[PDB]
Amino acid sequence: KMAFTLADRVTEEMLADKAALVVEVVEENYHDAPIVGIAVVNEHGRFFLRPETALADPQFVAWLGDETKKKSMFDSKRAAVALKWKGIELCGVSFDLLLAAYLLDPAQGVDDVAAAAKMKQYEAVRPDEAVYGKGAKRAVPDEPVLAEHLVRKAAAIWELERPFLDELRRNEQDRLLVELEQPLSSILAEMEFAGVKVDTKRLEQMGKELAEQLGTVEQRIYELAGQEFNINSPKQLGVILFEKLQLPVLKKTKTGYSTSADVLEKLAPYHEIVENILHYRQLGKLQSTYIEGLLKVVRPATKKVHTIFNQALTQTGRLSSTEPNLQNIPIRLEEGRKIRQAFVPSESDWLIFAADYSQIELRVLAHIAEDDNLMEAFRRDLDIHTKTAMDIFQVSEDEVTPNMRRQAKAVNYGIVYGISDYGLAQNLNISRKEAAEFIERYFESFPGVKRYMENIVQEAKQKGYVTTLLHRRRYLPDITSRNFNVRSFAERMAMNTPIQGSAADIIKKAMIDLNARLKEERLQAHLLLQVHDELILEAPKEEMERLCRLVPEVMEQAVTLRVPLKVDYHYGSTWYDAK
């Protein structure tokens, strides 16, 4: 139906200085994945190229790497990384339809060209699922079917760039796309392709020692329960605890008794088996997710793991990290924190450098709410979690433990994000009147925060959405829902999204600024990971002293707020030691 040239060779008219480009990678994980076809649409026509002809053509490779030849794409990071695995550099991406649709409305869940095209009543293209299938039936179709699908995707991108840019302009988001998300996409592509080196011998020895400790705790549980059972079975466990041992039923799920960690903590005074259960799960969590699961995805020839940072997924603008998730490696408990000893620099005599913001979301809140007391607190560089811990667990600053501060952090962030007296009472194991009066005291000390809570909800009802500092957007249609519970969830999103999202905006700009400074200084230091408010790098030891001065300054100066931004930093021979 749609006309195009099924090209046997690369011609000069395929290499214009503006074009829609499709470099199709069907496998969900695009690391070291096959490129199944290429399509180009420009002023001269529409073209399909087999990858073996295009990617071995010296003129096509040069065109791909020429920053002055502008390309419009969908999910350009997927193409850039897959091309890096083919030894080919992609430059000149000036428009990414995936990131443009994400900024316009993250709730659409746009994951292919067809979904983005439907936002502008363009339907001359099929969904990728319709072409490739699902599950064990997923397959690359016959070449004429594949070629037309890629051509139609490129033609869609070619037609949709201007209407998408027009609406982004109206939303004050065109700079958010062109100067933040698209430059970040190339940085993430470099981070993903570089990967993180894994000490595979240390990890396997940890796995062997962990299997022995799992057996000891497992036998102890059976000894305490009288019999043997599947401890990981939600049914069988609830039978032992709440039917055989007759422990109180504090909480139910849609499927039966709840055995979540908070419930098990409250059942500790009744039977010592529940503390062994918690220890068992924590060991099994490390074994299944952070030892076995990590070894599954290590590339054996390089001992590197290559995560994928999903840049167009979260509703607040944060990133997510998949296969493996390198944003939830344990750190709170020492037994789990040792996992980070297996994350090592990719070269000898290099080191891991870690730098994280201190209380960025509360500092963002102070700036946005213009709360006099909260701004004064951060202008003094007060540790507000520690101050809250002093005020919760009635001690002084020298007596605050890591656990008390860990718990005070959830109260500081819980309160500002609409925790109820019920939720606060359940978290601190205190009476509900006491939690209600603590929340009341909090908002009397910070009345500007309370005003912002009320104002941002009214702003959301009037405009239909909320925004971040760099004009990210999230629509909240449920904010005017007649169902109280549905409306309450939307109101807490209006409270939280501008703050979490602004913190995501700030660290994203910090990564762009940092990347530019690193190249300016001609340093070998490069980014490895982002963990929401935290940047992880590796570099030669000869660069550590310069990095200690460069990285915190870049992160602290990414934006200028009414309060200072504060960055802590550490380095060491492993990720574990970088703290």
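Residue numbers run from 1 along the displayed sequence.
Stretches 467-475 and 272-280 differ in mean C-alpha B factor, with the higher average recorded for 272-280.
Averaged over their C-alpha atoms, the temperature factors of 214-222 and 498-506 are higher for 214-222.
Out of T253, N455, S320, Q315, it is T253 whose C-alpha atom has the highest B-factor in the PDB entry.
Per the deposited record, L428 carries the highest C-alpha B-factor of all listed residues (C91, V151, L180, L428).
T200 sits in the middle third of its chain by CA B factor, as recorded in the PDB entry.
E538: CA B factor in the lowest third of modelled residues in this chain (values from the PDB entry). For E123, the recorded CA B-factor ranks within the lowest third of the chain. Only modelled residues enter the ranking. In the deposited entry, the Cα temperature factor of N42 places it in the lowest third of its chain's modelled residues.
The PDB entry assigns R340 a C-alpha temperature factor belonging to the middle third of its chain's modelled residues.
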